[PDB]
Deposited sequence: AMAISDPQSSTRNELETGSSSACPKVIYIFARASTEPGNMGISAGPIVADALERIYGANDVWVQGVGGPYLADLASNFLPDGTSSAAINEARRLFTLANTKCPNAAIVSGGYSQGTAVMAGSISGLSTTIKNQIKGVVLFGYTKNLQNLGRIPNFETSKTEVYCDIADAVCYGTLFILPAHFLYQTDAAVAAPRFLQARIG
């Protein structure tokens, strides 16, 4: 459940309802990690059908190392390009799937940096984005640059220091799936 590649591996003859793309926290294993990621993946699969959700982690060159949190974008440029690559693949393979996405900690910076740079038509296919412990919360004014704020939800705990420039279990299991579901329609 730490590694999910249903989008890379998916065929455009079998497009699902939902494509879910997740960027993990620093240090987490796989491309999904072991906290926020799998929890949102399971909630979505419960709502829509395991067969009607493609779950996809941002792996490849997104190494999730701590040092990269200090780069100007809060992550590496290769992690950002890999998330872009993946959203782009979702749109080429399945232009009608609802794309939803999530990030936890540094993955939050992968989500904000990739989405802010994508085309109008790709961003339109992204129906919802959930950010858990958003490391660029203050810098980005609680939103993703160039992406509609009604589609964005930030879970930023009062005691979460990264939010001022595992605390999110009920956010991930309960509040995030509902937010996403309200917009997948």
Subject >> Missing residue ranges, deposited sequence indexing starting at 1 >> reply: 1-8, 174-181
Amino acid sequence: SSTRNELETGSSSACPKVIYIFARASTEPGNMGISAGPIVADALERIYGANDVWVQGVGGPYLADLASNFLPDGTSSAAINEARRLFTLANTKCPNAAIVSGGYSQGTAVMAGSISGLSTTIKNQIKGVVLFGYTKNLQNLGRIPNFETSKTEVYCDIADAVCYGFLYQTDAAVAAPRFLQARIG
From here on, numbers count along this sequence of modelled residues.
Subject >> Segment of higher mean CA temperature factor, 156-164 or 46-54 >> reply: 156-164
**OP:** Check the entry's C-alpha temperature factors for 65-73 and 123-131, then say which stretch has the higher mean.
**Re:** 65-73
Original post:
Whose CA atom has the top B-factor in the entry, of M111, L89, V100, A79?
Top reply: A79
Subject >> Highest recorded Cα temperature factor - choice among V18, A14, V174, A23 >> reply: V174
Original post:
If you rank the chain by CA B-factor, which third does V40 end up in: lowest, middle or highest?
Top reply: lowest
